[PDB]
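[1] output the structure for:
(7 chains, ligands or ions: 3)
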Amino acid sequence: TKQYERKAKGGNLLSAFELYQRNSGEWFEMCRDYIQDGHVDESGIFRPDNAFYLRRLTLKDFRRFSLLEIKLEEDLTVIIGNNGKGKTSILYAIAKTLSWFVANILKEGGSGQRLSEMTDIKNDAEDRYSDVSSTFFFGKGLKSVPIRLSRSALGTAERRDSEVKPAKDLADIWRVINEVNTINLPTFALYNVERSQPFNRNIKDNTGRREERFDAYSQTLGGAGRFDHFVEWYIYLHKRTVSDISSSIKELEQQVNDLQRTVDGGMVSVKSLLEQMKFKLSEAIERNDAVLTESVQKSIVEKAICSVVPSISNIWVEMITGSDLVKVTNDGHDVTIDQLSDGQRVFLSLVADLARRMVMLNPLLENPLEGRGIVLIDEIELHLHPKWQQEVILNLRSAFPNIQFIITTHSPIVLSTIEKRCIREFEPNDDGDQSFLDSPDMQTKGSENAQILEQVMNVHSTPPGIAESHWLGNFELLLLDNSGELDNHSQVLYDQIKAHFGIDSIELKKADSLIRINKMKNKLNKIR
Amino acid sequence: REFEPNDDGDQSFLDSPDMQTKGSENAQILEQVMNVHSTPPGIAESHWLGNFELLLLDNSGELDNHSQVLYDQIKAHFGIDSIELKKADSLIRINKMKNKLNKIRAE
Amino acid sequence: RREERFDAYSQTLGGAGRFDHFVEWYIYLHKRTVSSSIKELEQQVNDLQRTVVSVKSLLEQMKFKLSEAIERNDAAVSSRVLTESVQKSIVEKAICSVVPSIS
Amino acid sequence: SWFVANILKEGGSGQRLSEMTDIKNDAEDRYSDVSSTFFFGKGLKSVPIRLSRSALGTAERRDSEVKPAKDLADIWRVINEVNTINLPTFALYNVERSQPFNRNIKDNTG
Amino acid sequence: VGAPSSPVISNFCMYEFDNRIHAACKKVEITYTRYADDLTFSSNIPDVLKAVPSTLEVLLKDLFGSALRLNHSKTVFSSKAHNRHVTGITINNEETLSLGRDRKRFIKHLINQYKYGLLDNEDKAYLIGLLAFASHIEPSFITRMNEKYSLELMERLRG
Amino acid sequence: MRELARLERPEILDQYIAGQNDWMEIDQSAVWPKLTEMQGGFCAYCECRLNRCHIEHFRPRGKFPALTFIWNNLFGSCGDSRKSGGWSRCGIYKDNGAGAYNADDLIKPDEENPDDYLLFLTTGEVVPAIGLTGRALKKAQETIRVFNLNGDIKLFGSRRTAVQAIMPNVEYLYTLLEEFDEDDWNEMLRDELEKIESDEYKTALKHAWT
RNA sequence: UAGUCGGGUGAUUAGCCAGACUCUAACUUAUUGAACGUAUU
Ligand SMILES: Nc1ncnc2c1ncn2[C@@H]1O[C@H](COP(=O)(O)OP(=O)(O)O)[C@@H](O)[C@H]1O
Ligand SMILES: [Mg+2]
Ligand SMILES: [Zn+2]
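    Numbers count the residues shown, from 1 in each chain, chains lettered A, B, ... in the order given. Ligands and ions are numbered 1, 2, ... in the order given. Here you go:
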């Protein structure tokens, strides 16, 4: 129609797509370029011309919330608060919304997930229904993609409908354009606390193929990832790389060259091995010679894991014992995945799963980890030592520079690495009627952890329930009661401080300082 | 009972920390017991107050062009009533007093 | 577990002749047989360890071979066994000889 | 686990060390030992227990020494059988405690 | 919506609502208008518009119970920091009504096409209709187009 | 808290009379210049820097309708209910967070010197001054409770950190006394006390210096 | 900085130039009906 033509020529994606569907060249190319066009910035990072991210979320009578609005950052949003403030509820609400995009990229008219009629409606809500409303942004040609998930309480006669058609409309564009000519696709993932699980190599999923591209969407919003699928996929990649003959020739050529250098260096004991390898190389060359995309995929993931996970310097597959084993170099020692600590394993699992999905969904990017998507992480500090908490957000953002991360944390150490604008904070005595969340007043990035505790997390830097925590205060008061001189009572307490905290303690130094200052003040007073 | 940070698995006995933890400040426990800096080392702004102090010491305690720039950066990033700025202000004031003493002694 | 001579008597009089057990076993043997004295092997492992990045795969293979040689050396007279390569070959020939239309 | 097993049943067996996971990878002696000493008042100042496991290749079997655990647990069991006594609680709460709640409550088997 | 009586009836049904909310807004210096189902509030005082949505919900419940409800997804705050429009009319930062830059640029495009005889009859008719609307909303824009394109061209077009 | 000196009535308060008029009607921006002259950009009760701020009825408008447009009664307090909810000290906490209170059992910083009643320990806690009994003790104790001067962690933390920043300087000045004469030394103490006039928590800093 | 407003230029829905704005904070919509603008009468 002429109206659609005008809008499409003005840069509107939905109009361009409508014209493509009715006339089924020009319009197809508009749609495809909208999704694929982008440029490399000054830092060498690919940036899509049309970004995809969640702009805004509204919750009405959902769990603890009567009516709540949240504005999200395009890059990183961190939600903080005490236990039971609804931080996990917020990520759950978002994940269910994203399930509608995933379902419709997989299948025309696919069904996403639903709000629970048993648990998700606020218990004391007078209207007996809940709404989760979201708006997504996809470039200036599609500034608003509104979705609403709704549910009425069990029993209620009036039933409240969801509104999901805009999600389906956008997901249809991705699906249809991809079928004609391959495009990069968005990644959606939820990692909740369910990600901490015991590992089992023996349990294998015989349900779908792992090398099929759309397997990247399998259980993506279930909360655990599928680390088992990663391991299967990684072994698959290894077998294909080993079986490719030229890489084997190149690898064999490299091994022969390394062995020849050792023999030239005076180690005559390895000459027998060199001759065997030279024979193997000659045989391989003689066998019919023909870079595997599989080899590149493997390399990308290995680098991602090693860059993001601090204790891991290498990861590889061994088959020589007669069973396929993934091994890692962890803190300089070669170990199996089963030997890793729970903290290391759980974090490895997160990054491995995410990297796998991004590689599978972004085949046309030089660096597939620069693809688009939304990733939700609950309790990012889960099982991490404070040392790792100081690195985790920086590492993630550097490895996945165009993902929108929405995370929850209880860690001041994590907050010390994040700008105040990214932080959303519950009011301290909320009770679930607060209307909009806001950022803290203090700048957190680069700040001391003790300040973040007190100014942002509302916790004393010294435990108030411990008597010894008050001794210095009491000591000072005693000193001031006796005109600055150590009396019997002040001396006793001084000795208690010394005995408890030690001769080199900051507390004793403070006490000493108080004595010195007060003695000098008193001397001045006497002179006057 | 604490493991040494550099333990390559051959430590005979597990031992108590040297510092008393009960009733101690969190920042001290992090640094003395858990070997973690109070500010995140991988953030540039974490080093600015340290650098500012070094610049003050290098220029005989006077606020030079370079020290002023960094002071302004600290002020701009952390804010007017930040701990970091107050510490910087404190450093300026103490160094001015130390220098005044030094001049009186020289005369 | 590792395979041991008197496993040949396990479930021999009921539970024998099951396809899945064969396939698993056969793949296992293949992986082990893909690609020398213990002292010589010990010396080769030591030399390869000193060199160790491209030779790391070869070192792991040689360490496995050494461990197997030691195990065979340590293993008892009552459990004396043919090499996995030979075992594989005999079974393959048996299958091809016996089963109709498999060559 | 050896105390618990023997409080429940005479000659009950507790849990063993794993041959695959519990032995140090570069152990020269190719076995692992867990040695524990318990205290029960001035009358029984030392209750020593050792759990042992040898690697697969088995040059020599290293046996666990659990008799003191069994002996003490027997006292609790036998005296309790005659006259009810208070019994010790043993519990491990690892990170597996974090898991979803199943709403479906199983009706009273008893 | 398609029935000729429905406009009148709908406006009547909102009469009491409009009375109450208009009066309430006037006390706190808020301007209020309604265009069918579209409610607009504006003010020069910061941090007074935040209370309006809650006030609306109460009033709707009072007058209509659960029959008429706010679409909470469509509640939007704006200011001179951001784009502001009311019923498809842009309010510019000089406090004047505007068609918006994009629409103006599109109209200029069509006039340029007409100048070189590239507009088909359908597009020509479209252009004429849109210029009448432009004349109603932003007469100054027409003056500027006359200056840019020659009064002769524009008069010829509007014949 | 600091002892305040109330200068002169602004002209706008003359017009509005209680009963006829209500506090929504008056222009706040006419009133603030005289408060900012008095208080110097800092809160009446906690002495923090004013950013989010409101004009505060010392005796509230509900309980005391007569005292509404009365210049004695008004003060510039930290926090602002318009801009954000959840503020836990000073004016807002007096009304909402603290329960019942006698208005007579509070230090009013214009009428009285708070240095008589309050003491600021370098550990960051405000405590009643040494040697108070009965009514004077009750007033010191209640002023602390009702304005939440210790119980607000944000304030407690900030005031503590402000004082511990200067305590190297306090210890360094006083060591230099056997060195120096009374004429030169008393200048330097006066120079330090001049600085703190334009700082947050200036009473807490004063008690560290003097 | 970013986003926004938009006077100009530009075979013109682009790009470029100039100037400006900043309550935590626009996402441009719908007919044949109704109303408004223009045309016809
Ligand atoms: N349907 C409901 N009605 C009312 N309160 C609810 C409902 N569901 C959950 N809650 C409350 O909401 C909180 C759930 O916290 P959660 O979303 O897990 O937050 P967090 O992750 O911050 O701990 C608890 O305070 C719980 O009692
Ligand atoms: Mg019409
Ligand atoms: Zn205050």
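
[2] which helix or strand contains residue A:521?
    Taking DSSP states H and E as the criterion, the element that holds residue A:521 is helix A:506-527.

[3] kindly report the same for residue A:450.
    Using DSSP H and E, residue A:450 sits within helix A:449-455.

[4] ok, and does that helix reach over to chain B?
    Yes: Helix A:449-455 reaches chain B (Cβ under 8 Å from any Cβ of the partner chain) through A:449-451, A:453. The way it works is simple: take the backbone N, C-alpha and C, and place the C-beta from them, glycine included.

[5] any idea how far the residue nearest in space to the middle of chain F lies from chain D?
    When Cα atoms, centre = their mean is applied to chain F, the residue found nearest the centroid is residue F:45 (2.5 Å). Distance from residue F:45 to chain D, counting by Cβ to the nearest Cβ, to the nearest Å: 45 Å.

[6] SS state for that residue?
    Following DSSP: H, G, I helix; E, B strand; the rest coil, we place residue F:45 in the coil state.

[7] I'd say it and residue F:91 touch.
    Yes: the pair residue F:45 / residue F:91 is scored as a contact, 7.3 Å apart, by Cβ atoms under 8 Å.

[8] how many neighbours does the nearest residue to residue E:35 once chain neighbours are set aside have?
    Using Cβ to Cβ, 6 or more residues apart in numbering or on different chains and skipping residues adjacent in sequence, the residue nearest residue E:35 is residue E:87, 5.2 Å away. Using other Cβ atoms under 10 Å in any protein chain shown, residue E:87 has 9 neighbouring residues.

[9] now residue E:87: phi and psi?
    phi 50, psi 50 (degrees, to the nearest 10).

[10] residue C:4 and residue C:80 touch, don't they?
    No: the pair residue C:4 / residue C:80 is not scored as a contact, 11.2 Å apart, by Cβ under 8 Å.

[11] before we move on, which element is the residue of the stretch 201-350 of chain A found nearest chain E in?
    The stretch 201-350 of chain A approaches chain E most closely through residue A:221 (22.2 Å), counting by Cβ to the nearest Cβ. Using DSSP H and E, residue A:221 sits in no helix or strand.

[12] identify the residues contacting it.
    Contacts for residue A:221 (Cβ atoms under 8 Å, 6 or more residues apart in numbering or on different chains) come out as A:95-96, A:98-99, A:102, A:113, A:188-190.

[13] drop anything exposed from those residues.
    A:95-96, A:98-99, A:102, A:113, A:188-190 (16 or more other Cβ atoms under 10 Å in any protein chain shown).

[14] which residue packs closest to the residue in chain F that chain C sits nearest to, ignoring adjacent ones?
    Of all residues in chain F, the one sitting closest to chain C is residue F:161 (51.1 Å; Cβ to the nearest Cβ). Excluding the flanking residues, the one nearest residue F:161 by Cβ to Cβ, 6+ apart is residue B:83, at 5.3 Å.

[15] residue A:73 too?
    Leaving aside its chain neighbours, residue A:73 sits nearest to residue A:422 (5.5 Å; criterion: Cβ to Cβ, 6+ apart).

[16] isn't that neighbour up against residue A:78?
    Yes: assessed by Cβ under 8 Å, residue A:422 is found in contact with residue A:78 at 5.4 Å.

[17] more neighbours: these two, which one.
    residue A:78 (24 against 20).

[18] sorry, back to before: do the helix or strand encompassing the residue of chain F closest to chain C and ligand 3 meet at all?
    Element membership for residue F:161 (DSSP H and E) is helix F:153-175. No: Helix F:153-175 is not in contact with ligand 3 by Cβ under 5 Å from the ion; minimum separation 7.5 Å.

[19] chain center to that helix, what's the gap?
    Distance of helix F:153-175 from its chain centroid, counting by Cα atoms, centre = their mean, to the nearest Å, is 18 Å.

[20] only the buried residues of it, if you could.
    F:153-167, F:169-170, F:173-174.

[21] what helices and strands are in contact with it?
    helix A:449-455, helix A:506-527, helix B:83-106, helix F:182-196, helix F:202-209 (3 or more Cβ pairs under 8 Å, 6 or more residues apart in numbering or on different chains; DSSP states H and E).

[22] quick one: the residue nearest to residue E:35 and residue E:38 touch, right?
    Yes: contact criterion Cβ under 8 Å: residue E:87 and residue E:38 qualify, at 6.5 Å.

[23] roughly how far apart are the residue minimising distance to the centre of chain E and residue F:63?
    Closest to where the C-alpha atoms of chain E average out (Cα atoms, centre = their mean) is residue E:87, at 2.4 Å. Residue E:87 sits 48 Å away from residue F:63, going by Cβ to Cβ, to the nearest Å.

[24] so what's residue 28 up against?
    By default, I'm working from chain A. A:20, A:177, A:180.

[25] let's do chain F instead
    Counted by Cβ under 8 Å, 6+ apart, residue F:28 has contacts residue F:55.

[26] how much space between it and ligand 1?
    As defined by Cβ to the nearest ligand atom, to the nearest Å, residue F:28 lies at a distance of 38 Å from ligand 1.

[27] ok, that residue to residue D:19 distance?
    Residue F:28 sits 79 Å away from residue D:19, going by Cβ to Cβ.
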